[PDB]
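S.K.: Could you have a look at this structure, given as structure tokens, before my questions?
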Amino acid sequence: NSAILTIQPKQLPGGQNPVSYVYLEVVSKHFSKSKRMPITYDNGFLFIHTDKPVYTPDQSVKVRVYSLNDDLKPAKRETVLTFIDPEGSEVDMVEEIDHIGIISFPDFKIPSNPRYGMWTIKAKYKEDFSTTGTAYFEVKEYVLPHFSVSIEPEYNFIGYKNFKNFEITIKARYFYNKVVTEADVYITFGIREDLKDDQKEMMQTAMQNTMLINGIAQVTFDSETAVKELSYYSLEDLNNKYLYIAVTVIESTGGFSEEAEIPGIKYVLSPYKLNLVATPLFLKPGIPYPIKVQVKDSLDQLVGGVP
Amino acid sequence: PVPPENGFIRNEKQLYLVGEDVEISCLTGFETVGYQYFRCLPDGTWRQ
Amino acid sequence: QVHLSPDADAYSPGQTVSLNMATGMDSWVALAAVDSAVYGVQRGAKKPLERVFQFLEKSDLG
Amino acid sequence: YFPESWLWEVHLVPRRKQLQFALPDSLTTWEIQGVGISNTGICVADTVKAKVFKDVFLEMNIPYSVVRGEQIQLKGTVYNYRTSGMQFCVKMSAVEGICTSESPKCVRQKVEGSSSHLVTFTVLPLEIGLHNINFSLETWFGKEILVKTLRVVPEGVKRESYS
Amino acid sequence: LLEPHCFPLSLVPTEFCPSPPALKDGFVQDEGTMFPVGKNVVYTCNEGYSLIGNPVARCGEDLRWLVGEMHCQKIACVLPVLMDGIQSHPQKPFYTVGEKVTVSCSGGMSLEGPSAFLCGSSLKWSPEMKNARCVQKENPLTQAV
Ligand SMILES: *[C@@H]1O[C@H](CO)[C@@H](O[C@@H]2O[C@H](CO)[C@@H](O[C@@H]3O[C@H](CO)[C@@H](O)[C@H](O)[C@@H]3O)[C@H](O)[C@H]2NC(C)=O)[C@H](O)[C@H]1NC(C)=O
């Protein structure tokens, strides 16, 4: 059989500190035991939907939040919404009753000169619950792009298979789902010490132009030829480091000049690091036992066809 | 943080959280020109 | 499941159009709209409710 | 209209319900995401995609904000998805918080079929805040009005200060 | 009290609350023939309502429910006090969720503020104003000669 039970959220003796443990007891005709089961004020879910993932200054972040039990029924609990700066300080707490089973909030008009960066929404239930589902939005000075630009190689790394010739797609589409007809493209190549941060420079020669036509262009970096001519890294044995590739696309008769980047071209000694995928690490004699593994480039994507 | 010349930390802790703040001001002969708190940034600095 | 009931490849400036929200039970619904160019500026940004089923899976205690 | 987002709403639906709206002047895929809350769970719909797309239209590369008292280039374009090439024009008109050389009339240059053409307008934003600007295409067959909005900020070094 | 299962048990209860009180426009989310002392019930208000306060009833001491503060509110933006004799036109007893409402002064008067409010936040007007002008000086200097 099953009971459905709960800690009733108001009935905890509560106050300034939480009750961190509880007992679960059975009293049958034949047996009793307690056991110190934990409890958590992390109940149900909070999911936070922002009318954009990005904003400028002089906008209002118009959040709505979706509040649900672990039954995934809507919760109908009063809720308070903790806007956090990029600098980790709290900047607002605003409250609304979960009356629908969904919770709008007043727009939180961007404070008059904001700290740019990833602000955050620690949506807190008021009253008993700690659940603190959390979501993110970034204040940036911007105009919306005219077209999408994307970059696609097979490997996302430079190493033994390709250091002499690393080979990559530059592609672009209008946001009305049509290929960019013609665009001039510059490729920047720069050695980079890490994915985190540096101010390292570009290749002064063995930079590359390409043409984008019918939405696509191709690029081939002879990374040995550049590195051995311009750089310290003369041997393929030297590095677990990075190439910054950055792609500027200018529409060839259109005046819009979008740009994108991939820090994810590793110079690597051992590109194909591995993990198990679904393998429990427990056996069964007499039933054939699977294994599954996967392989990760740096700035990881699944590498595709590898022996 | 070590407070400035002739200075004194008002609220004393081992470890201040990110976004948490400390108040300072000069000793009995003296007065602060400027804003007399500092706040722990996410990288572990005080930007004094 | 949602569709614009004037089913078309393309529409035009100032055009009125109807949206219909076929739903298998009595339900609330919450519409939101964005220019795709909004995803073009924040590199690698997820959809604002992307993989709701995966976040909903983080509640698995195993 | 020219929005980044709109249609921010909540409703209760009988097993079908319908809502009607004017598609905005933003000529891009409006991608429309609908989230259903009821006793069985949450859902997010397979995102509907709709395209605001016309055979001929103008668009303008205007930056996010500009220095009061500095002149800059705004770069214009026509897109022409008609099967053939055609002569076109363009004009600009805005509030007196802007000044210009462009004296609002073209040489009437041609854009090819399935093709785009470049344009330039030179302006000095002269007052701050928001200026509404109309860019207008002044051409045969398919034609458009753009209304576009430009932020302006002061010419000097930013400092923050406290107490 | 420590080790109950060592003893006989009447594990079936013999002390009870009477059935919980009903509410206007809501119901007890639980149902049964009796509720034993210290068994809870929870309330839910019916379609188009949010239960304000605490929905949980105790079955506490003296066999009384100790229901606590609770109220069924119908989820409409019921209009607050207007501005300056400026009127909401699509009047209803309960403005429906997401219902776009349009607002104006009496004719010819120099009105101020936005034209509309939308109840998309279903208990608070999405934009709002607390005070705005209906009218102004509508007659300039004339015949300066
Ligand atoms: C730039 O384009 C805009 C369109 O956004 C032009 O605004 C338009 O201006 C006209 C005349 O001022 C408005 O006409 C109006 O007709 C209504 C009829 O009810 C009347 O009530 C108004 O008093 C007015 O006469 C039109 O609505 C308005 N369009 C909107 C919605 O903005 C603007 O004139 C052009 N700007 C330039 C370059 O001056």
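The way I read the labels, and the way they are meant: chains A, B, ... in the order of the structure tokens, residue 1 as the first residue of every chain, and ligand 1 as the first ligand shown, with later ones counted on from there.
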Ligand 1: which residues are within 7 Å, counting only C-alpha atoms and all ligand atoms? Reply as an mmCIF file with N, CA and C atoms, in the first residue's frame.
M.R.:
data_model
loop_
_atom_site.group_PDB
_atom_site.id
_atom_site.type_symbol
_atom_site.label_atom_id
_atom_site.label_comp_id
_atom_site.auth_asym_id
_atom_site.auth_seq_id
_atom_site.Cartn_x
_atom_site.Cartn_y
_atom_site.Cartn_z
ATOM 1 N N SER D 93 13.186 61.483 -42.040
ATOM 2 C CA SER D 93 12.588 62.633 -41.349
ATOM 3 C C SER D 93 12.450 62.358 -39.852
ATOM 4 N N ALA D 94 12.857 63.291 -38.995
ATOM 5 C CA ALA D 94 12.981 63.088 -37.551
ATOM 6 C C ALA D 94 12.874 64.391 -36.748
ATOM 7 N N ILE D 133 12.505 58.543 -35.598
ATOM 8 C CA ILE D 133 12.954 58.815 -36.959
ATOM 9 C C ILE D 133 12.087 57.994 -37.922
ATOM 10 N N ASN D 134 11.679 58.609 -39.022
ATOM 11 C CA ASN D 134 11.003 57.759 -40.012
ATOM 12 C C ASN D 134 11.903 57.604 -41.213
ATOM 13 N N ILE D 145 6.903 52.313 -44.678
ATOM 14 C CA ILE D 145 7.345 53.260 -43.653
ATOM 15 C C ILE D 145 8.011 52.485 -42.506
ATOM 16 N N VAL D 147 9.564 53.340 -38.680
ATOM 17 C CA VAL D 147 9.720 54.298 -37.593
ATOM 18 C C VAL D 147 10.677 53.655 -36.603
#
S.K.: I'd like the contact shell of range 15-26 of chain E - 8 Å cut-off, only C-alpha atoms, skipping same-chain residues fewer than 4 positions apart - returned as a list in words.
M.R.: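 Everything that qualifies: residues 34, 35, 36, 37, 43, 44, 45, 46, 49, 59, 63, 64, 65, 71 and 72 of chain E.
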S.K.: Dump as a PyMOL selection string the residues of chain B that approach chain A to within 12 Å, counting only C-alpha atoms.
M.R.: chain B and resi 17-21+39-47
S.K.: Keeping N, CA and C atoms for every residue in the selection just given, could you write it to a file as an mmCIF file, in the first residue's frame?
M.R.:
data_model
loop_
_atom_site.group_PDB
_atom_site.id
_atom_site.type_symbol
_atom_site.label_atom_id
_atom_site.label_comp_id
_atom_site.auth_asym_id
_atom_site.auth_seq_id
_atom_site.Cartn_x
_atom_site.Cartn_y
_atom_site.Cartn_z
ATOM 1 N N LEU B 17 30.651 37.521 3.135
ATOM 2 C CA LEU B 17 30.130 36.915 1.900
ATOM 3 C C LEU B 17 30.264 37.853 0.690
ATOM 4 N N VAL B 18 30.106 37.297 -0.508
ATOM 5 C CA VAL B 18 29.976 38.115 -1.714
ATOM 6 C C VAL B 18 28.765 39.034 -1.553
ATOM 7 N N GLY B 19 28.914 40.296 -1.946
ATOM 8 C CA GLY B 19 27.907 41.345 -1.792
ATOM 9 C C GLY B 19 27.720 41.860 -0.357
ATOM 10 N N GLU B 20 28.272 41.192 0.660
ATOM 11 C CA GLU B 20 28.253 41.656 2.052
ATOM 12 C C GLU B 20 29.258 42.792 2.280
ATOM 13 N N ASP B 21 28.975 43.675 3.238
ATOM 14 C CA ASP B 21 29.698 44.929 3.414
ATOM 15 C C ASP B 21 30.247 45.157 4.829
ATOM 16 N N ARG B 39 32.575 46.630 0.121
ATOM 17 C CA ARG B 39 31.749 45.457 -0.194
ATOM 18 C C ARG B 39 32.550 44.393 -0.933
ATOM 19 N N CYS B 40 32.374 43.138 -0.534
ATOM 20 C CA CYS B 40 33.136 42.016 -1.061
ATOM 21 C C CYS B 40 32.624 41.624 -2.449
ATOM 22 N N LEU B 41 33.429 41.847 -3.479
ATOM 23 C CA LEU B 41 33.081 41.516 -4.851
ATOM 24 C C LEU B 41 33.204 40.004 -5.114
ATOM 25 N N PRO B 42 32.611 39.459 -6.193
ATOM 26 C CA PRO B 42 32.585 38.009 -6.431
ATOM 27 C C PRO B 42 33.962 37.336 -6.571
ATOM 28 N N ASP B 43 34.984 38.086 -6.987
ATOM 29 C CA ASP B 43 36.370 37.617 -7.142
ATOM 30 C C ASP B 43 37.174 37.566 -5.829
ATOM 31 N N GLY B 44 36.626 38.067 -4.720
ATOM 32 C CA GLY B 44 37.283 38.128 -3.412
ATOM 33 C C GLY B 44 37.950 39.465 -3.070
ATOM 34 N N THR B 45 37.849 40.491 -3.914
ATOM 35 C CA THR B 45 38.385 41.837 -3.641
ATOM 36 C C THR B 45 37.388 42.745 -2.908
ATOM 37 N N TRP B 46 37.873 43.882 -2.399
ATOM 38 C CA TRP B 46 37.071 44.899 -1.698
ATOM 39 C C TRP B 46 36.909 46.245 -2.439
ATOM 40 N N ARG B 47 37.681 46.481 -3.511
ATOM 41 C CA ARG B 47 37.656 47.708 -4.331
ATOM 42 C C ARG B 47 37.695 48.983 -3.479
#
S.K.: Mind checking which residues fall within 7 Å of residue 11 in chain C, counting only C-alpha atoms, ignoring those fewer than 4 positions away in the same chain, and posting them as a list in words?
M.R.: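 Once the adjacent positions are removed, what remains is residues 15 of chain C; 51, 52 and 53 of chain D.
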S.K.: Within 6 Å of chain E, which residues of chain D come that close, and what is the closest atom pair and distance in Å for each? Count only C-alpha atoms and give it as a Markdown table.
M.R.:
| residue | atom | partner | partner_atom | distance |
| --- | --- | --- | --- | --- |
| D:9 | CA | E:120 | CA | 5.2 |
| D:10 | CA | E:120 | CA | 5.5 |
| D:11 | CA | E:97 | CA | 5.9 |
S.K.: So which residues touch residue 182 in chain A within 10 Å, counting only C-alpha atoms, skipping near sequence neighbours fewer than 5 positions away, as a VMD selection string?
M.R.: (chain A and resid 172 211 to 217 249 to 254) or (chain D and resid 115 to 116)
S.K.: Store the residues picked out above, limited to N, CA, C and O atoms, as a short mmCIF file (atom, residue, chain, number, x, y, z; two decimals), in the first residue's frame.
M.R.:
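The result, stored in part.cif:
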data_model
loop_
_atom_site.label_atom_id
_atom_site.label_comp_id
_atom_site.auth_asym_id
_atom_site.auth_seq_id
_atom_site.Cartn_x
_atom_site.Cartn_y
_atom_site.Cartn_z
N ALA A 172 25.59 31.87 -42.75
CA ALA A 172 24.76 33.01 -42.36
C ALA A 172 23.35 32.98 -42.99
O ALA A 172 23.18 32.75 -44.19
N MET A 211 34.75 34.30 -48.93
CA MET A 211 33.49 34.80 -49.48
C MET A 211 32.33 33.91 -49.05
O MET A 211 32.37 32.69 -49.21
N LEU A 212 31.27 34.52 -48.53
CA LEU A 212 30.01 33.85 -48.25
C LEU A 212 29.04 34.12 -49.38
O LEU A 212 28.71 35.27 -49.67
N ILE A 213 28.58 33.05 -50.02
CA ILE A 213 27.66 33.08 -51.16
C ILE A 213 26.60 32.00 -50.95
O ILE A 213 26.91 30.91 -50.47
N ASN A 214 25.34 32.31 -51.25
CA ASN A 214 24.22 31.40 -50.98
C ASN A 214 24.21 30.89 -49.52
O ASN A 214 23.97 29.72 -49.24
N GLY A 215 24.52 31.79 -48.57
CA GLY A 215 24.50 31.52 -47.13
C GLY A 215 25.72 30.82 -46.54
O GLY A 215 25.75 30.64 -45.32
N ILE A 216 26.72 30.41 -47.33
CA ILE A 216 27.84 29.59 -46.85
C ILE A 216 29.18 30.08 -47.41
O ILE A 216 29.26 30.62 -48.51
N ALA A 217 30.23 29.88 -46.63
CA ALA A 217 31.64 30.07 -46.95
C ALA A 217 32.46 28.93 -46.31
O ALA A 217 32.05 28.35 -45.30
N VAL A 249 31.23 39.05 -40.60
CA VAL A 249 30.47 38.92 -41.85
C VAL A 249 29.86 40.27 -42.18
O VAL A 249 29.04 40.78 -41.43
N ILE A 250 30.19 40.85 -43.33
CA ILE A 250 29.57 42.08 -43.82
C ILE A 250 28.79 41.78 -45.11
O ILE A 250 29.37 41.33 -46.09
N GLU A 251 27.47 42.03 -45.14
CA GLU A 251 26.67 41.79 -46.35
C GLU A 251 27.20 42.63 -47.52
O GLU A 251 27.31 43.85 -47.42
N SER A 252 27.49 41.97 -48.64
CA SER A 252 28.36 42.51 -49.69
C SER A 252 27.75 43.70 -50.46
O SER A 252 28.44 44.42 -51.18
N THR A 253 26.45 43.91 -50.30
CA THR A 253 25.64 44.99 -50.88
C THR A 253 24.51 45.43 -49.91
O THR A 253 23.45 45.87 -50.34
N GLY A 254 24.71 45.28 -48.59
CA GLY A 254 23.63 45.37 -47.59
C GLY A 254 23.90 46.18 -46.30
O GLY A 254 22.96 46.49 -45.59
N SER D 115 17.81 40.43 -54.65
CA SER D 115 19.05 41.15 -54.28
C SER D 115 18.81 42.29 -53.28
O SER D 115 17.67 42.66 -52.99
N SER D 116 19.89 42.85 -52.72
CA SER D 116 19.86 43.95 -51.76
C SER D 116 20.74 45.12 -52.20
O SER D 116 21.73 44.89 -52.90
#
S.K.: Contacts from chain C to chain A, 12 Å maximum, only C-alpha atoms: show me the residue list as an MDAnalysis selection string.
M.R.: chainID C and resid 9:12 27:61
S.K.: Take the residues just selected and output them with C-alpha atoms as a tab-separated table (two decimals), in the first residue's frame.
M.R.:
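Wrote result05.tsv, looks like this:
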chain	number	residue	atom	x	y	z
C	9	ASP	CA	4.53	30.44	-45.25
C	10	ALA	CA	4.74	34.25	-44.77
C	11	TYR	CA	2.73	37.26	-43.58
C	12	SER	CA	3.09	41.08	-43.89
C	27	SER	CA	-5.86	24.76	-19.08
C	28	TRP	CA	-4.19	28.05	-18.47
C	29	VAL	CA	-1.88	29.24	-21.24
C	30	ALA	CA	0.81	31.88	-21.34
C	31	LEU	CA	1.85	33.34	-24.69
C	32	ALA	CA	5.17	35.07	-25.30
C	33	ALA	CA	6.79	36.25	-28.53
C	34	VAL	CA	10.37	37.16	-29.54
C	35	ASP	CA	12.26	38.28	-32.61
C	36	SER	CA	14.76	35.47	-33.43
C	37	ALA	CA	17.42	38.22	-33.62
C	38	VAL	CA	17.20	38.32	-29.75
C	39	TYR	CA	18.97	34.91	-29.75
C	40	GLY	CA	21.46	36.19	-32.36
C	41	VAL	CA	23.13	38.58	-29.84
C	42	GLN	CA	23.68	36.35	-26.71
C	43	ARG	CA	26.05	33.61	-28.04
C	44	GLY	CA	24.88	30.11	-27.02
C	45	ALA	CA	21.77	31.36	-25.11
C	46	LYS	CA	19.20	28.62	-24.34
C	47	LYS	CA	15.47	29.22	-25.05
C	48	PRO	CA	14.06	30.95	-21.89
C	49	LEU	CA	12.20	27.70	-20.94
C	50	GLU	CA	14.53	25.30	-22.87
C	51	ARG	CA	14.85	21.76	-21.51
C	52	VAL	CA	12.17	22.37	-18.87
C	53	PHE	CA	11.96	18.54	-18.81
C	54	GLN	CA	15.69	18.38	-17.91
C	55	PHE	CA	15.42	20.94	-15.06
C	56	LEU	CA	12.30	19.00	-13.95
C	57	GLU	CA	14.58	15.91	-13.98
C	58	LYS	CA	17.18	17.55	-11.55
C	59	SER	CA	14.57	16.87	-8.84
C	60	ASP	CA	15.45	13.16	-9.17
C	61	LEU	CA	17.25	12.33	-5.89
